[PDB]
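Below is one structure, written out as structure tokens; comments come after it.
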Amino acid sequence: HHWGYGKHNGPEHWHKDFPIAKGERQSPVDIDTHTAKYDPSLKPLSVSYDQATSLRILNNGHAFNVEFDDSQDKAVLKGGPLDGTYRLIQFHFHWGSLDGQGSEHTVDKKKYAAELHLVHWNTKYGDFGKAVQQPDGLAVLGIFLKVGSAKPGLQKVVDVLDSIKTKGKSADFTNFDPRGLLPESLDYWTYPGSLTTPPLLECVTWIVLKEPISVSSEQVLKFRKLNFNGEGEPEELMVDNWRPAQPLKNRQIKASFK
Ligand SMILES: CC1(C)O[C@H]2[C@@H]3OS(=O)(=O)O[C@@H]3CO[C@@]2(COS(N)(=O)=O)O1
Ligand SMILES: [Zn+2]
């Protein structure tokens with residue numbers, strides 16, 4: 001029972017066990033749309049998930065992970081500000097107790113109802129564990145969620161949450177296509193940052209899509225029915241598992257669009 005998102009173990013407490021929490025390149029951050037500068041040196045973003053192989057979904061106590069077989073370059077992210085190939089290992093979300101909060105990154109200080117994170121590791125480092133020890137070890141694709149119409153591509157995810165309500169529970173999740181969670185446009189903002197959960201390693205190149213995807217109230221409400229706790233323990237609804245914006249410090253957020 002280490003860190004968490006509560007009053008006594010949340011984000012403001014993390015620095016104690018993880019000093020880097022107060023580092024020079026921490027995530028998330030607020031994205032100032034007026035200050036972000038168009039970067040013409042950015043290469044076209046390339047998301048290739050046609051051969052993605054989903055395997056299982058797991059409730060890890062602070063979020064749920066949809067894992068993918070990454071033993072091969074089946075689903076990768078390249079281009080944009082990245083050099084090399086980054087392999088998709090899993091995707092997860094961060095959400096709130098209410099629609100007005102839940103996203104980790106913010107846009108002009110605006111918080112979205114949730115935020116999808118598709119985690120990829122630089123194949124040049126061999127495995128995920130070694131990549132996190134490198135400044136350019138990971139590339140995380142962030143996609144904001146706003147409440148409106150339902151997202152067809154997300155329902156299969158929503159429907160299985162009933163089977164992994166508590167910590168430690170997992171369920172088979174093969175044959176799920178992550179392309180169903182992407183918005184139409186790939187316009188994005190990018191900057192060098194870190195993991196948003198301990199160990200908060202500063203090994204991430206963040207790519208945050210400007211266009212949010214719409215999900216229905218019914219869909220988000222199901223996310224809020226998950227538990228932080230393990231089976232048979234007092235219920236602690238899994239909500240507000242997001243780290244607030246951190247100081248930008250010596251960084252510049254670049255935009256892929258003019
Ligand atoms: C599941 C979740 C949020 O936990 C985090 C842990 O960071 S870690 O690199 O030590 O390994 C775990 C898996 O990756 C993460 C990455 O989260 S994130 N929010 O930075 O994208 O995803
Ligand atoms: Zn995340």
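Just remember, in the structure tokens the first chain shown is A, the second B, etc., residues are 1-based per chain, and ligands are 1-based in the order shown.
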Legend entry - DSSP strand (DSSP E or B) residues within region 40-255 of chain A, listed as a PyMOL selection string: chain A and resi 43-48+54-59+64-68+76-80+86-95+106-107+110+114-122+138-147+167+170-172+188-193+204-209+213-215+227+230+237+254-255
Legend entry - Neighbour list for residue 205 (chain A) as JSON, numbers by chain, cut-off 10 Å, only C-alpha atoms, skip fewer than 3 positions in-chain: {"A": [81, 82, 120, 135, 136, 137, 138, 139, 140, 141, 190, 191, 192, 193, 194, 195, 202, 208]}
Inset, instruction - Select, from A:246, A:134, A:27, A:35, the residue with the minimum atom-to-atom distance to ligand 1, counting only C-alpha atoms and all ligand atoms. - result: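 Looking only at the distances to ligand 1, the closest residue turns out to be A:27.
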Inset, instruction - Step by step, measure atom-to-atom distances between ligand 2 and each residue using only C-alpha atoms and all ligand atoms, keep those at most 9 Å, then write them as a list in words. - result: residues 63, 91, 92, 93, 94, 104, 115, 116, 117, 118, 119, 140, 142, 195, 196, 197 and 242 of chain A
Keeping only C-alpha atoms, take the residues you just selected and write them out as an mmCIF file, in the first residue's frame.
data_model
loop_
_atom_site.group_PDB
_atom_site.id
_atom_site.type_symbol
_atom_site.label_atom_id
_atom_site.label_comp_id
_atom_site.auth_asym_id
_atom_site.auth_seq_id
_atom_site.Cartn_x
_atom_site.Cartn_y
_atom_site.Cartn_z
ATOM 1 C CA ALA A 63 -6.492 2.122 -13.266
ATOM 2 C CA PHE A 91 -3.332 1.759 -23.002
ATOM 3 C CA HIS A 92 -5.210 3.085 -19.983
ATOM 4 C CA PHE A 93 -7.283 6.049 -18.798
ATOM 5 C CA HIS A 94 -7.430 8.653 -16.061
ATOM 6 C CA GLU A 104 -4.272 15.003 -16.543
ATOM 7 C CA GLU A 115 -7.764 11.157 -20.823
ATOM 8 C CA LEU A 116 -6.678 8.078 -22.783
ATOM 9 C CA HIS A 117 -2.983 7.189 -22.708
ATOM 10 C CA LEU A 118 -1.543 4.805 -25.321
ATOM 11 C CA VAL A 119 1.916 3.802 -24.024
ATOM 12 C CA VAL A 140 2.719 8.321 -24.807
ATOM 13 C CA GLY A 142 -2.766 11.233 -25.110
ATOM 14 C CA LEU A 195 5.330 9.237 -16.331
ATOM 15 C CA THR A 196 2.330 10.716 -14.503
ATOM 16 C CA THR A 197 2.387 8.027 -11.814
ATOM 17 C CA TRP A 242 -5.346 11.847 -12.227
#
For region 4-17 of chain A, list every protein, DNA or RNA residue within 12 Å, evaluated using only C-alpha atoms, and leave out those in the same chain fewer than 4 positions away; present the list as a PDB file with N, CA, C and O atoms, in the first residue's frame.
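part33.pdb, freshly written:
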ATOM      1  N   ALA A  21       9.560  13.815  -8.382  1.00  0.00           N
ATOM      2  CA  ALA A  21       8.236  14.402  -8.527  1.00  0.00           C
ATOM      3  C   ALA A  21       8.325  15.920  -8.673  1.00  0.00           C
ATOM      4  O   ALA A  21       7.439  16.541  -9.255  1.00  0.00           O
ATOM      5  N   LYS A  22       9.393  16.512  -8.145  1.00  0.00           N
ATOM      6  CA  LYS A  22       9.586  17.963  -8.222  1.00  0.00           C
ATOM      7  C   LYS A  22      10.683  18.289  -9.213  1.00  0.00           C
ATOM      8  O   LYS A  22      11.365  19.299  -9.059  1.00  0.00           O
ATOM      9  N   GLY A  23      10.848  17.434 -10.224  1.00  0.00           N
ATOM     10  CA  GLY A  23      11.905  17.622 -11.211  1.00  0.00           C
ATOM     11  C   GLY A  23      11.731  18.692 -12.264  1.00  0.00           C
ATOM     12  O   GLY A  23      10.796  19.487 -12.212  1.00  0.00           O
ATOM     13  N   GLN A  26       8.482  17.232 -15.456  1.00  0.00           N
ATOM     14  CA  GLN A  26       7.362  16.447 -14.958  1.00  0.00           C
ATOM     15  C   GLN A  26       6.070  16.639 -15.744  1.00  0.00           C
ATOM     16  O   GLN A  26       5.838  17.691 -16.338  1.00  0.00           O
ATOM     17  N   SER A  27       5.238  15.603 -15.729  1.00  0.00           N
ATOM     18  CA  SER A  27       3.952  15.570 -16.431  1.00  0.00           C
ATOM     19  C   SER A  27       2.821  15.220 -15.451  1.00  0.00           C
ATOM     20  O   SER A  27       3.054  14.563 -14.427  1.00  0.00           O
ATOM     21  N   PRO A  28       1.577  15.651 -15.748  1.00  0.00           N
ATOM     22  CA  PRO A  28       1.204  16.432 -16.928  1.00  0.00           C
ATOM     23  C   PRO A  28       1.478  17.915 -16.729  1.00  0.00           C
ATOM     24  O   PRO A  28       2.023  18.323 -15.706  1.00  0.00           O
ATOM     25  N   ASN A  60      -5.326  -2.757 -12.059  1.00  0.00           N
ATOM     26  CA  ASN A  60      -4.104  -2.744 -11.254  1.00  0.00           C
ATOM     27  C   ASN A  60      -4.204  -1.942  -9.959  1.00  0.00           C
ATOM     28  O   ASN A  60      -3.182  -1.596  -9.378  1.00  0.00           O
ATOM     29  N   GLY A  61      -5.410  -1.621  -9.505  1.00  0.00           N
ATOM     30  CA  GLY A  61      -5.511  -0.864  -8.269  1.00  0.00           C
ATOM     31  C   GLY A  61      -5.647   0.647  -8.405  1.00  0.00           C
ATOM     32  O   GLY A  61      -6.175   1.293  -7.507  1.00  0.00           O
ATOM     33  N   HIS A  62      -5.137   1.231  -9.485  1.00  0.00           N
ATOM     34  CA  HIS A  62      -5.291   2.672  -9.682  1.00  0.00           C
ATOM     35  C   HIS A  62      -5.861   2.986 -11.072  1.00  0.00           C
ATOM     36  O   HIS A  62      -6.228   4.126 -11.360  1.00  0.00           O
ATOM     37  N   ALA A  63      -5.945   1.966 -11.924  1.00  0.00           N
ATOM     38  CA  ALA A  63      -6.492   2.122 -13.266  1.00  0.00           C
ATOM     39  C   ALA A  63      -6.630   0.739 -13.891  1.00  0.00           C
ATOM     40  O   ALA A  63      -6.308  -0.265 -13.247  1.00  0.00           O
ATOM     41  N   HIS A  94      -7.441   7.896 -17.299  1.00  0.00           N
ATOM     42  CA  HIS A  94      -7.430   8.653 -16.061  1.00  0.00           C
ATOM     43  C   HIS A  94      -8.761   9.405 -16.171  1.00  0.00           C
ATOM     44  O   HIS A  94      -9.052  10.025 -17.203  1.00  0.00           O
ATOM     45  N   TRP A  95      -9.570   9.357 -15.127  1.00  0.00           N
ATOM     46  CA  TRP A  95     -10.868  10.005 -15.198  1.00  0.00           C
ATOM     47  C   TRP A  95     -11.323  10.574 -13.868  1.00  0.00           C
ATOM     48  O   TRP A  95     -10.706  10.324 -12.841  1.00  0.00           O
ATOM     49  N   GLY A  96     -12.429  11.316 -13.886  1.00  0.00           N
ATOM     50  CA  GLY A  96     -12.904  11.917 -12.653  1.00  0.00           C
ATOM     51  C   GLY A  96     -14.138  11.335 -11.983  1.00  0.00           C
ATOM     52  O   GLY A  96     -14.661  10.288 -12.366  1.00  0.00           O
ATOM     53  N   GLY A 102     -10.861  15.110 -14.526  1.00  0.00           N
ATOM     54  CA  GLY A 102     -10.434  13.753 -14.814  1.00  0.00           C
ATOM     55  C   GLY A 102      -9.206  13.662 -15.711  1.00  0.00           C
ATOM     56  O   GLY A 102      -8.408  12.730 -15.585  1.00  0.00           O
ATOM     57  N   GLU A 104      -5.510  14.634 -17.227  1.00  0.00           N
ATOM     58  CA  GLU A 104      -4.272  15.003 -16.543  1.00  0.00           C
ATOM     59  C   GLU A 104      -3.740  16.263 -17.191  1.00  0.00           C
ATOM     60  O   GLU A 104      -3.487  17.254 -16.514  1.00  0.00           O
ATOM     61  N   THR A 196       3.166   9.911 -15.388  1.00  0.00           N
ATOM     62  CA  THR A 196       2.330  10.716 -14.503  1.00  0.00           C
ATOM     63  C   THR A 196       2.028  10.003 -13.194  1.00  0.00           C
ATOM     64  O   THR A 196       1.301  10.537 -12.340  1.00  0.00           O
ATOM     65  N   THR A 197       2.553   8.785 -13.047  1.00  0.00           N
ATOM     66  CA  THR A 197       2.387   8.027 -11.814  1.00  0.00           C
ATOM     67  C   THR A 197       3.775   7.667 -11.332  1.00  0.00           C
ATOM     68  O   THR A 197       4.739   7.658 -12.115  1.00  0.00           O
ATOM     69  N   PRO A 198       3.918   7.411 -10.027  1.00  0.00           N
ATOM     70  CA  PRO A 198       5.251   7.038  -9.549  1.00  0.00           C
ATOM     71  C   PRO A 198       5.628   5.832 -10.403  1.00  0.00           C
ATOM     72  O   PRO A 198       4.739   5.069 -10.828  1.00  0.00           O
ATOM     73  N   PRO A 199       6.928   5.610 -10.645  1.00  0.00           N
ATOM     74  CA  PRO A 199       8.112   6.357 -10.204  1.00  0.00           C
ATOM     75  C   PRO A 199       8.356   7.720 -10.862  1.00  0.00           C
ATOM     76  O   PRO A 199       9.429   8.300 -10.685  1.00  0.00           O
ATOM     77  N   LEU A 200       7.385   8.220 -11.629  1.00  0.00           N
ATOM     78  CA  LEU A 200       7.519   9.531 -12.292  1.00  0.00           C
ATOM     79  C   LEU A 200       8.816   9.741 -13.098  1.00  0.00           C
ATOM     80  O   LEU A 200       9.295  10.869 -13.256  1.00  0.00           O
ATOM     81  N   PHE A 228     -10.842   0.698  -6.403  1.00  0.00           N
ATOM     82  CA  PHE A 228      -9.411   0.859  -6.163  1.00  0.00           C
ATOM     83  C   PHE A 228      -9.017  -0.355  -5.312  1.00  0.00           C
ATOM     84  O   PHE A 228      -7.923  -0.902  -5.423  1.00  0.00           O
ATOM     85  N   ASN A 229      -9.936  -0.740  -4.436  1.00  0.00           N
ATOM     86  CA  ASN A 229      -9.748  -1.844  -3.503  1.00  0.00           C
ATOM     87  C   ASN A 229      -9.808  -3.219  -4.136  1.00  0.00           C
ATOM     88  O   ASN A 229     -10.277  -3.384  -5.251  1.00  0.00           O
ATOM     89  N   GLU A 236     -14.021   1.449  -2.415  1.00  0.00           N
ATOM     90  CA  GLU A 236     -13.381   2.733  -2.661  1.00  0.00           C
ATOM     91  C   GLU A 236     -13.542   2.923  -4.167  1.00  0.00           C
ATOM     92  O   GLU A 236     -12.762   2.368  -4.949  1.00  0.00           O
ATOM     93  N   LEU A 237     -14.559   3.669  -4.588  1.00  0.00           N
ATOM     94  CA  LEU A 237     -14.776   3.876  -6.017  1.00  0.00           C
ATOM     95  C   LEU A 237     -13.516   4.398  -6.716  1.00  0.00           C
ATOM     96  O   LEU A 237     -12.857   5.322  -6.227  1.00  0.00           O
ATOM     97  N   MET A 238     -13.179   3.791  -7.851  1.00  0.00           N
ATOM     98  CA  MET A 238     -12.012   4.207  -8.633  1.00  0.00           C
ATOM     99  C   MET A 238     -12.362   5.471  -9.445  1.00  0.00           C
ATOM    100  O   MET A 238     -12.872   5.386 -10.560  1.00  0.00           O
ATOM    101  N   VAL A 239     -12.097   6.639  -8.867  1.00  0.00           N
ATOM    102  CA  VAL A 239     -12.377   7.901  -9.534  1.00  0.00           C
ATOM    103  C   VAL A 239     -11.304   8.929  -9.182  1.00  0.00           C
ATOM    104  O   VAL A 239     -10.614   8.803  -8.166  1.00  0.00           O
ATOM    105  N   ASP A 240     -11.182   9.946 -10.028  1.00  0.00           N
ATOM    106  CA  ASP A 240     -10.197  11.001  -9.837  1.00  0.00           C
ATOM    107  C   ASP A 240      -8.772  10.441  -9.700  1.00  0.00           C
ATOM    108  O   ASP A 240      -8.014  10.870  -8.834  1.00  0.00           O
ATOM    109  N   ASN A 241      -8.407   9.491 -10.557  1.00  0.00           N
ATOM    110  CA  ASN A 241      -7.057   8.917 -10.505  1.00  0.00           C
ATOM    111  C   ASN A 241      -6.149   9.677 -11.474  1.00  0.00           C
ATOM    112  O   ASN A 241      -5.464   9.071 -12.308  1.00  0.00           O
ATOM    113  N   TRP A 242      -6.150  11.005 -11.359  1.00  0.00           N
ATOM    114  CA  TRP A 242      -5.346  11.847 -12.227  1.00  0.00           C
ATOM    115  C   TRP A 242      -4.410  12.747 -11.430  1.00  0.00           C
ATOM    116  O   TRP A 242      -4.748  13.210 -10.338  1.00  0.00           O
ATOM    117  N   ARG A 243      -3.221  12.970 -11.974  1.00  0.00           N
ATOM    118  CA  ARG A 243      -2.250  13.850 -11.331  1.00  0.00           C
ATOM    119  C   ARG A 243      -2.479  15.237 -11.931  1.00  0.00           C
ATOM    120  O   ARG A 243      -2.641  15.379 -13.145  1.00  0.00           O
ATOM    121  N   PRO A 244      -2.534  16.279 -11.088  1.00  0.00           N
ATOM    122  CA  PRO A 244      -2.748  17.630 -11.616  1.00  0.00           C
ATOM    123  C   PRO A 244      -1.559  18.186 -12.407  1.00  0.00           C
ATOM    124  O   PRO A 244      -0.464  17.618 -12.384  1.00  0.00           O
ATOM    125  N   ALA A 245      -1.779  19.307 -13.091  1.00  0.00           N
ATOM    126  CA  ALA A 245      -0.727  19.945 -13.891  1.00  0.00           C
ATOM    127  C   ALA A 245       0.486  20.325 -13.044  1.00  0.00           C
ATOM    128  O   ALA A 245       0.343  20.787 -11.918  1.00  0.00           O
ATOM    129  N   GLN A 246       1.672  20.142 -13.621  1.00  0.00           N
ATOM    130  CA  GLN A 246       2.945  20.425 -12.965  1.00  0.00           C
ATOM    131  C   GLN A 246       3.620  21.620 -13.634  1.00  0.00           C
ATOM    132  O   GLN A 246       3.231  22.012 -14.735  1.00  0.00           O
TER     133      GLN A 246
END
Legend entry - Nearest to ligand 1 by atom-to-atom distance, counting only C-alpha atoms and all ligand atoms, from A:101, A:65, A:133, A:170: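 Ranked by minimum distance to ligand 1, first place goes to A:65.
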